[PDB]
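Novice: The structure under discussion is supplied below as structure tokens; questions concerning it will follow.
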Amino acid sequence: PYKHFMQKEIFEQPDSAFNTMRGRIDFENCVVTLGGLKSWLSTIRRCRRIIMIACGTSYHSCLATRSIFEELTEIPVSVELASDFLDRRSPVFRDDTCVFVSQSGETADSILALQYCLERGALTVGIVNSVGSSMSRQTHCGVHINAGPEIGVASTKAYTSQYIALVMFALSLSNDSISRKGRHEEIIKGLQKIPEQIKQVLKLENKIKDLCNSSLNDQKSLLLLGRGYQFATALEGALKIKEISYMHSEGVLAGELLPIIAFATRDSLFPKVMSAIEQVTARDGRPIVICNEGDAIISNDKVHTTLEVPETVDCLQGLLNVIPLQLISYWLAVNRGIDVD
Amino acid sequence: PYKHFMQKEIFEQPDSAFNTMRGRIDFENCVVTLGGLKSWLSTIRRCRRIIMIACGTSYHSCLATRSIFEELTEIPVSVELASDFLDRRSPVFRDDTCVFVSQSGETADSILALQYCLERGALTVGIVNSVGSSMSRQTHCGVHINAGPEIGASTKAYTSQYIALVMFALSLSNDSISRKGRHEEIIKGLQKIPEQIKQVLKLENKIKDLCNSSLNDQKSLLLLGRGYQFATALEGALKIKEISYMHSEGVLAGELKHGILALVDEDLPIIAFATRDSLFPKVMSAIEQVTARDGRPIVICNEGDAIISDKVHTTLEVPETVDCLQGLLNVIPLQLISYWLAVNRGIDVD
Amino acid sequence: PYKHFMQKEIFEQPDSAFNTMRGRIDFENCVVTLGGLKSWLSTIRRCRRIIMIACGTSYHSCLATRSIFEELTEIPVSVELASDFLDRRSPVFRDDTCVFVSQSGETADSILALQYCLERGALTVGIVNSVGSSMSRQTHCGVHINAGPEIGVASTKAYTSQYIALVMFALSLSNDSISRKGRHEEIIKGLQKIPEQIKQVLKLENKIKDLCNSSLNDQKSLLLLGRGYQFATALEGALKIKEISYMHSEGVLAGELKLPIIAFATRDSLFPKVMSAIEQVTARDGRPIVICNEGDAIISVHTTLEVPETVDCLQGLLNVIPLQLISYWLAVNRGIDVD
Amino acid sequence: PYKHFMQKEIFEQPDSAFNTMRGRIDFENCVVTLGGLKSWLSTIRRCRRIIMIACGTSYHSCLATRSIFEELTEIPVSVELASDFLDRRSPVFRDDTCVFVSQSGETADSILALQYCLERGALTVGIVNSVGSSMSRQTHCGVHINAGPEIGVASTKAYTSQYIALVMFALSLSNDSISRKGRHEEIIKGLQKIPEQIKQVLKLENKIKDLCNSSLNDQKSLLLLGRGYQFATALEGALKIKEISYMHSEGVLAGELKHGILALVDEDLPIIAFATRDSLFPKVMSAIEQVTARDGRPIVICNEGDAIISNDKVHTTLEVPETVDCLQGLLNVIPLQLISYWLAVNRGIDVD
Ligand SMILES: CC(=O)N[C@H]1[C@@H](OP(=O)(O)OP(=O)(O)OC[C@H]2O[C@@H](n3ccc(=O)[nH]c3=O)[C@H](O)[C@@H]2O)O[C@H](CO)[C@@H](O)[C@@H]1O
Ligand SMILES: CC(=O)N[C@H]1[C@@H](OP(=O)(O)OP(=O)(O)OC[C@H]2O[C@@H](n3ccc(=O)[nH]c3=O)[C@H](O)[C@@H]2O)O[C@H](CO)[C@@H](O)[C@@H]1O
Ligand SMILES: CC(=O)N[C@H]1[C@@H](OP(=O)(O)OP(=O)(O)OC[C@H]2O[C@@H](n3ccc(=O)[nH]c3=O)[C@H](O)[C@@H]2O)O[C@H](CO)[C@@H](O)[C@@H]1O
Ligand SMILES: CC(=O)N[C@H]1[C@@H](OP(=O)(O)OP(=O)(O)OC[C@H]2O[C@@H](n3ccc(=O)[nH]c3=O)[C@H](O)[C@@H]2O)O[C@H](CO)[C@@H](O)[C@@H]1O
Ligand SMILES: O=C(CO)[C@@H](O)[C@H](O)[C@H](O)COP(=O)(O)O
Ligand SMILES: O=C(CO)[C@@H](O)[C@H](O)[C@H](O)COP(=O)(O)O
Ligand SMILES: O=C(CO)[C@@H](O)[C@H](O)[C@H](O)COP(=O)(O)O
Ligand SMILES: O=C(CO)[C@@H](O)[C@H](O)[C@H](O)COP(=O)(O)O
Ligand code: NA
Ligand code: NA
Ligand code: NA
Ligand code: NA
């Protein structure tokens with residue numbers, strides 16, 4: 349009963365998030381098992397550093413999980429846009445583990461980056477959706493994310509499934525640490541609840557439809573403010589708004605230096632986020648605030664819109680925070696007469 | 349003779365570039381000596397990775413030099429914005445060399461990041477303009493860039510930082526036979542930089558005309574860049590934002606086919622870096638995409654180059671230098687653009 | 349009651365082994381806490397490699413524990429004799445952790461080696477018995493082995509306490525590993541029983557006095573055969589016989605190549631090549647002295666010295682004791698004043 | 349003309365040393381080129397550490413060149429005996445470069461160690477004489493040392509050819525260093541002279557024959573004292589004496605123990621000391637004085653013209669040309685090969 353494949357795929361996320369984890373997480377014993385990697389983990393872990401390489405929304409899923417990889421593994425992790433990585437002729441060597449994220453497994457720049465790394469003797473790992481695609485075959489090992497086919501022209505469920513697979517990879521790499529056992533358990537217990545929480549967040553759609561019916565839909569640009577874990581969410585929202593809604597958007601690191620969406624969930628509620636919000640409300644700017652259920656980020660003596668989402672484990676919050684942006688980008692396009700498919 | 353300190357500081361760059369290099373480069377024998385790091389180089393060469401950490405324009409000078417560091421040293425180099433590095437609580441260890449770049453040597457987020465790295469046992473290196481400032485005192489070793497005071502947003506500090514960082518990369522790679530020719534190339538290039546900066550500064554009249562005829566009334570402008578000139582595009586955007594109080598965004602040229610450029614107005618000001626060092630197919634496609642929609646791009650390119658036709663555009667020509675140095679010349683017209691946009695708006699840039 | 353200090357210090361080892369562990373191992377919870385290293389462990393784990401540097405018997409305690417360091421930490425471990433390390437001018441860097449083992453903390457080549465590594469920016473760790481000695485002060489961090497003063501001329505209790513301290517250091521480095529938890533616990537429970545097992549091994553003394561009253565004390569050379577964990581023990585037994593008994597001795601890697619002989623044949627190091635070497639000796643009616651675990655029959662004429670079975674990597678602590686007593690009684694029989 | 353293949357192989361070393369270097373060293377321009385390692389050098393360097401693994405005399409060739417590998421490359425280098433490496437189950441990983449030195453390419457413990465390292469993801473490099481042997485096939489890359497077939501039961505020319513190949517490997521690894529160029533040129537010019545210097549050393553055979561017919565023949569044991577570069581040579585001399593001459597021998601780190609074996613030796617115990625300038629340490633001189641003070645009459649291997657022991661006190665000298673310090677072992681080993689050979693002939697052993 350969906351208008352477009354994009355809307356269908358947004359609403360499939362409870363199922364795709366569940367399918368990504370299926371048969372890979374023992375939620376009772378708190379054990380992650382990635383069959384595709386299991387013989388390789390000890391080698392993956394013995395590298396000088398990890399380089400995540402991807403394009404577009406897949407590059408965003410790398411940004412969204414970089415912190416949790418560095419936290420859990422204590423291996424340096426850098427995140428590269430495949431085209432820029434190639435542009436700079438970035439040296440890579442036998443001691444590098446290069447992790448390629450791609451829904452299609454066919455993106456030309458990701459393929460060229462893969463071949464470049466392979467030629468230089470690096471160990472390569474694919475986080476891929478299309479089973480047996482080029483990137484899937486040509487990487488040494490990997491995880492098929494099992495999101496199902498993506499027929500929309502923009503990444504929705506691929507993003508949240510990539511992000512989950514990447515978190516499972518980080519957990520897998522760090523499964524031998526006693527000191528990080530509590531953190532592992534917390535994240536694993538949080539993952540179990542994500543699919544039902546995504547269902548809850550999808551219930552924002554009517555509020556989001558009301559917002560996109562407003563003069564929000566005739567704006568020439570929309571800025572998204574975020575920091576920490578939620579900066580990747582800001583960049584991904586802005587990509588979706590440009591690509592889907594044909595509206596200019598920019599994801600801005602909040603407070604570092617027209618409608619505004621600010622991420623103010625607890626995981627990323629920094630003093631600089633508060634002061635950036637306060638700057639907008641000082642000029643009576645009417646921001647749209649994504650925050651956790653029950654938190655009053657702005658008092659009622661300032662006009663603002665709130666989009667409340669469940670609180671999850673800090674490094675998983677982006678899984679839920681992205682959903683309203685996917686929905687906004689979709690409804691803005693529909694109100695603007697755009698066929699998003 | 350100058351209306352503002354900012355204008356003085358821009359015009360000072362041939363002299364500040366020369367003073368940054370003074371006593372440090374033997375241009376005849378192609379040898380770089382940085383006294384403050386001399387004895388620490390073998391230790392820096394040895395680390396797991398180099399993390400460059402800075403705020404604002406100093407963060408851009410790190411982006412502008414990341415590639416040549418990687419190329420000359422084959423040591424991994426990442427570039428972190430000080431506040432974001434602290435927000436992610438990025439792990440740092442004894443085997444990291446952390447390089448802190450700061451004009452003032454006093455920026456709170458840079459000092460906080462320094463303290464975090466010191467506490468974790470990392471080796472710390474300062475690239476600082478204010479001698480004996482907190483950052484200078486608290487780093488293990490470093491290079492005072494010797495650019496002189498800034499009373500103006503960073504202009505001569507950016508070029509001097511970028512030069513100091515290039516000198517640092519050359520020092521780290523001074524024992525390599527295979528890199529000897531690339532070293533010589535860059536050092537001979539550096540020798541010519543101060544006079545080429547003098548040359549680029551001659552664009553100011555063309556720039557004042559362009560601001561008076563196409564830019565003053567504008568609300569936003571976009572900068573397109575890729576490779577070595579992506580940092581330049583980010584820095585130009587920051588200058589335009591901070592100095593001129595106009596919206597600006599640096600855009601990775603041609604990365605998105607259906608991104609901002611598929612969205613732009615016909616009259617929106619767009620500056621493209623199209624110097625030979627960063628003249629990628631994706632840069633040409635981006636320019637095309639503007640040119641077909643009847644935008645008239647402002648093309649920064651090398652002297653004599655014909656980047657586009660028939661097709662209406664403004665050209666700002668700059669001398670060709672070594673690829674990894676071209677950003678030193680390319681930033682200068684953006685400094686001048688941002689300055690003139692601001693004064694034509696009654697804004698006090700000092 | 350003891351005839352010599354060396355004899356007293358051998359017999360003191362149940363107590364010095366306990367004292368070395370005292371306040372540092374929780375045996376019910378299987379937790380090792382070394383207060384000297386507490387805040388430095390995370391840095392030591394980070395390094396490119398560990399270099400253990402020492403002289404004489406202290407060099408042997410590094411060979412004796414190299415394998416367990418490697419096994420538990422997965423960090424490359426090399427073992428260097430201080431003088432030879434200096435002789436090769438072996439390069440050292442910021443990313444090396446250099447571990448210095450010294451009873452006295454004053455040995456000239458060990459000091460010169462420490463100063464060399466310090467100048468080169470390495471992280472330095474001392475395993476030292478004399479509190480506040482040069483090596484204790486000048487290392488960045490370390491563990492005082494708490495063996496008490498050594499008055500005897502040769503290292504006895506210092507060897508076994510060094511070896512225990514080094515094992516505790518390996519356990520501390522690997523205390524964050526889930527996969528090594530089982531092995532950790534095994535080694536910790538083993539360590540708990542070491543002092544009482546040393547008491548038991550000391551009861552071999554009469555058997556060893558009988559052996560040293562024989563024509564064994566009139567021999568020109570004594571060969572010690574070992575492999576694996578027990579190769580260090582063979583080297584240390586050879587050193588003791590030369591230095592105390594004034595009898596030539598060599599520790600030989602058993603059966604590597606194609617006269618009294620002592621063979622280490624405890625279960626931890628009972629390789630095919632050891633059994634082959636032993637069979638070569640018996641085939642020529644050589645009459646070996648076999649050190650082996652209580653109840654084991656290694657050969658069906663020979664002398665057997667039985668020692669309790671402990672965890673493989675701790676067996677060296679018990680196997681060295683009969684060599685200490687053999688070297689001591691051979692000396693007494695040969696009229697040498699060991700003190 | 350030779351009595352035995354072993355004698356032939358010893359006297360063949362000028363030719364085998366030349367053949368190992370042939371087509372690999374430009375002595376004019378000081379360039380080392382090892383085709384087998386060509387495009388692997390940048391990868392070999394990019395490692396946490398180098399592990400040299402071998403058995404018997406091949407393990408000695410690794411000990412003899414460890415110091416120069418460490419000096420030229422600044423990569424950690426450890427040397428392991430293949431059987432002991434296996435006994436310890438020493439952990440090996442993807443970031444290790446494991447270098448296997450083997451004349452035959454078929455020694456069981458070296459092959460087992462290789463399989464262990466291969467399955468753990470390490471990069472493996474063979475320094476092998478028998479072309480297409482198991483070790484040569486199974487390593488990722490390597491250098492065939494080109495010594496020619498070795499028919500004698502004990503390694504002679506394979507030792508000096510292995511040692512030379514390992515030095516060439518060390519030079520290849522460090523060929524991009526400006527600060528190393530002078531040391532590289534010094535060693536390469538040294539190497540060019542080694543074949544003719546080996547011929548000079550072989551002129552010692554008459555003196556050695558005489559010595560092996562002496563009161564030396566009747567003794568049951570021989571100690572060798574060495575330090576630094578020449579410790580490997582002392583160990584290799586001891587192996588040759590044990591394995592060929594069937595006499596007890598031990599190589600001793602000279603002057604390490606003030607009251608070790610040297611305080612126990614009989615007046616007439618045969619002792620060879622290496623006292624060439626590259627390894628002429630104060631402790632070596634101390635060890636030598638300890639022997640002569642007890643009326644021992646040592647055999648001194650020293651450089652042409654050097655007076656290590658006063659002519660007042662009764663000692664034998666075997667003089668060898670001086671070469672670059674890290675190459676002196678190539679010359680110092682020759683008299684031990686000849687001594688082991690003639691001791692054996694004088695005792696009736698068939699060395700073949
Ligand atoms: C593709 C396939 O047959 N998967 C099977 C696999 O799933 P399982 O989840 O174990 O494995 P994946 O589908 O993730 O990976 C399949 C293989 O492809 C490799 N790989 C994967 C992605 C990538 O980008 N690069 C890459 O090299 C992996 O290393 C692995 O060898 O076992 C399950 C039974 O337990 C089956 O239900 C799945 O049908
Ligand atoms: C401060 C000083 O006397 N500098 C002198 C020094 O300059 P030189 O250029 O050699 O050294 P710098 O001024 O760059 O640095 C001075 C000291 O500060 C340290 N440092 C520097 C910057 C930093 O951020 N952190 C930090 O720790 C350096 O390691 C060094 O120990 O020799 C020159 C002659 O060749 C003189 O003309 C300079 O006046
Ligand atoms: C010397 C000292 O006062 N030790 C005290 C310490 O023992 P504890 O066992 O905690 O500490 P150690 O005696 O092993 O070491 C003391 C200090 O010396 C350093 N160190 C040690 C050896 C070495 O070779 N190099 C080196 O630098 C350590 O890093 C530490 O800072 O706390 C105990 C109470 O909890 C006290 O009973 C001990 O008296
Ligand atoms: C055996 C062979 O055909 N050698 C040829 C090789 O000599 P060149 O000296 O170049 O190479 P080597 O004989 O040393 O090595 C031959 C091949 O075997 C490999 N390798 C070698 C030893 C080892 O232990 N492991 C191992 O994998 C090498 O990486 C190489 O691929 O090219 C020359 C052309 O210039 C020819 O004159 C030689 O006839
Ligand atoms: O779908 C989008 C955005 O909604 C594109 O940005 C892709 O994310 C990018 O082209 C990478 O594609 P894959 O490599 O993941 O197939
Ligand atoms: O001047 C500017 C931009 O022109 C500021 O954004 C500074 O670059 C930033 O505040 C860092 O300052 P320093 O740490 O380099 O002193
Ligand atoms: O005692 C012995 C042997 O029984 C000597 O070999 C010492 O072991 C050596 O002199 C190092 O002494 P320390 O550095 O441990 O004090
Ligand atoms: O030759 C001898 C002694 O002269 C043996 O010690 C071999 O050196 C050893 O068996 C290794 O054999 P290879 O691996 O080099 O073929
Ligand atoms: Na694959
Ligand atoms: Na300083
Ligand atoms: Na200390
Ligand atoms: Na091969």
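Residue numbers (the entry's author numbering), protein chains in the order written: chain D, 349 to 605, 617 to 700; chain C, 349 to 500, 502 to 658, 660 to 700; chain A, 349 to 606, 617 to 658, 662 to 700; chain B, 349 to 700. Built from N, CA and C at the ideal position, the CB exists for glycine as well.
Looking at ligand 10, does it come within less than 6 Å of residue 472/C, judged from the CB to the closest heavy atom?
Specialist: no
Novice: Tell me whether residue 455/C counts as near ligand 2, meaning its Cβ is closer than 6 Å to at least one heavy atom of that ligand.
Specialist: Result no, Cβ not under 6 Å from ligand 2.
Novice: Can you name the residues of chain A whose CB is closer than 7 Å to the CB of residue 443/C?
Specialist: 394, 443
Novice: Interface residues of chain B around residue 527/C at Cβ under 7 Å?
Specialist: 524
Novice: What alpha helix (DSSP H) runs, 4 residues minimum, are completely inside the region 462 to 493 of chain C?
Specialist: 482 to 486
Novice: Quick check on residue 469/D - is its C-beta less than 7 Å from some C-beta in chain B?
Specialist: yes
Novice: Using beta carbons (cut-off 7 Å, strictly below), is residue 421/C in contact with chain A?
Specialist: Judged by the 7 Å Cβ criterion, residue 421/C is not in contact with chain A.
Novice: Per the DSSP calculation, residue 620/C is bridged to which residue(s)?
Specialist: BP columns for residue 620/C point to 572/C, 647/C.
Novice: Under the three-state reduction of DSSP, which class applies to residue 457/B: helix, strand or coil?
Specialist: helix
Novice: Please name the residue or residues paired with residue 400/A in a DSSP beta bridge.
Specialist: 427/A, 447/A
Novice: Put residue 596/D into one of helix, strand or coil per three-state DSSP.
Specialist: Residue 596/D falls in the strand class under three-state DSSP.
Novice: Going along chain C in order, which residues have a C-beta closer than 7 Å to the C-beta of residue 415/D?
Specialist: 436
Novice: Near ligand 4, which residues have their beta-carbon closer than 5 Å to a heavy atom?
Specialist: So the residues near ligand 4 by this Cβ test are 383/B, 384/B, 474/B, 476/B, 479/B, 484/B, 487/B, 489/B, 490/B, 491/B, 492/B.
Novice: Whole angstroms are fine: how far does the CA of residue 577/D sit from the CA of residue 628/D?
Specialist: 10 Å
Novice: Please work out which residues of its chain come closer than 6 Å, Cβ to Cβ, to residue 598/B, disregarding the five sequence neighbours upstream and downstream, and give them in chain order.
Specialist: 571, 586
Novice: Using a beta-carbon distance below 7 Å, is residue 401/B in contact with chain A?
Specialist: no
Novice: May I ask you to check if the CB of residue 371/C is nearer than 6 Å to at least one heavy atom of ligand 2?
Specialist: Checking the Cβ of residue 371/C against ligand 2 gives yes.
Novice: Mind checking residue 428/D: buried by the 16 CB within 10 Å criterion, or exposed?
Specialist: Buried, because 16 or more other Cβ atoms sit within 10 Å of the Cβ of residue 428/D.
Novice: Quick check on this structure: which residue in 490/B, 699/B, 470/B has the alpha carbon closest to the alpha carbon of residue 478/B?
Specialist: 490/B
Novice: Quick one: complete beta strand (DSSP E) runs, 3+ long, within the region 520 to 586 of chain B?
Specialist: 569 to 574, all fully within the region 520 to 586 of chain B.
Novice: Got a sec: does ligand 7 put a non-hydrogen atom nearer than 6 Å to the Cβ of residue 378/A?
Specialist: no
Novice: If I follow the unbroken alpha helix (DSSP H) through residue 686/C, where does it start and stop?
Specialist: 676 to 693
Novice: Under 6 Å from any heavy atom of ligand 5, does the C-beta of residue 403/D make it?
Specialist: Yes, the beta carbon of residue 403/D sits closer than 6 Å to at least one heavy atom of ligand 5.
Novice: With 7 Å as the threshold, decide whether the Cβ of residue 612/B is near any Cβ in chain A.
Specialist: yes
Novice: If you run the structure through DSSP and keep just helix, strand and coil, what is residue 672/C?
Specialist: coil
Novice: Go to residue 639/A, then tell me how far its alpha helix (DSSP H) extends in each direction, as first and last residue.
Specialist: 630 to 641
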